[PDB]
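# Remarks on the overall topology
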Amino acid sequence: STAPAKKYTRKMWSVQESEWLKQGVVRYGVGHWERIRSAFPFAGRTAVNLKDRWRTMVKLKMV
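Numbering of residues starts from 1 on every chain and follows the written order of that chain's sequence, so it may differ from the entry's own numbering; residues lacking coordinates are omitted. Computation of side-chain values: all heavy atoms of the structure, hydrogens and water removed.

The deposited coordinates derive from solution NMR.

What follows deals with the packing of aromatic side chains. Stacked, tilted and edge-to-face are the three classes assigned to paired rings of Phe, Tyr and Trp, where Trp is represented by its six-membered ring and a pair needs centres within 6.5 Å; plane angles under 30 degrees give stacked, over 60 edge-to-face, the rest tilted. One pass over the full model with this rule turns up zero aromatic pairs. Sitting over the face of the ring of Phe42, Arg37 holds its NZ or CZ atom 4.3 Å from the ring centroid. Positioned above the aromatic ring of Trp33 is the side chain of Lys51, whose terminal nitrogen or guanidinium carbon lies 5.2 Å from the ring centre. Two conditions define a charge sitting above a ring: the NZ of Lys or the CZ of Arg must be within 6 Å of the ring centre, and it must be within 35 degrees of the ring normal.

A word on the packing of helix 1 (residues 15–28) against helix 3 (residues 48–59). Helix axes use the C-alpha atoms of the stretch in contact, all axes being lines fitted to C-alpha atoms, and the angles between their N-to-C directions lie in the range 0 to 180 degrees. Counting from the N terminus, the helices are the DSSP runs of H or I reaching at least four residues and the strands are the DSSP runs of E reaching at least two. The N-to-C vectors of helix 1 and helix 3 enclose an angle of 85°; their axes lie 10 Å apart at closest approach. When the axes of helix 1 and helix 3 are compared, the pair comes out roughly perpendicular. The residues of helix 3 that touch helix 1, namely those facing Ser18, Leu21 and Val25, are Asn49, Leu50, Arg53 and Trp54. Should an angle fall under 35 degrees it is taken as roughly parallel, and over 145 as roughly antiparallel, whereas 65 to 115 is taken as roughly perpendicular and any remaining angle as oblique. Whether two residues are in contact is decided by their heavy atoms: any pair within 4.5 Å suffices.

All right, on to helix 3 then. The length a helix should cover is 1.5 Å for every residue beyond the first. Here helix 3 contains 12 residues, and its C-alpha end-to-end distance of 16 Å stays within 8% of the 16 Å for a straight helix at 1.5 Å per residue. The rule is simple: take the accessible area with a 1.4 Å probe, protein chains only, and divide by the maximum for that residue type; under 20% is buried, over 50% is exposed, in between is partly exposed. Of all the residues in helix 3, the buried ones are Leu50, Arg53 and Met57. One face of helix 3 carries all of its buried residues, which in axial projection span an arc of 75°. Turned more than 90 degrees away from the buried face of helix 3, the exposed residues are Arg55 and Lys59. The inward-facing, buried residues of helix 3 contact helix 1 and helix 2 (33–37). Trailing helix 3 by a residue or two, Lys61 shows a phi angle of about 30°, which is positive. Note: the arc covers the axis-to-C-beta directions of the helix.

This next bit is on unusual backbone geometry. Backbone geometry follows two general trends: most residues other than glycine have a negative phi, and most peptide bonds adopt the trans configuration. Located in the positive-phi region is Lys61, a residue other than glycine, with phi close to 30°. Here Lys61 is to be found in the segment after helix 3. Accessibility expressed as a relative area gives 71% for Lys61, which makes it exposed.

Okay, here's the thing in structure tokens:
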């Protein structure tokens, strides 16, 4: 299955990156923003992008 959604404003983001992020943090354990970041083909995103999407998802208990 894929990750949930959330009404917001931003470029066309791929839910795939989320699937790997959620499971990645669950298996690799939070804190490994870098190790987990390797999940998707990063081009210009920093580790913050990982800890961010994770933090937000945590608040909405969606992850």
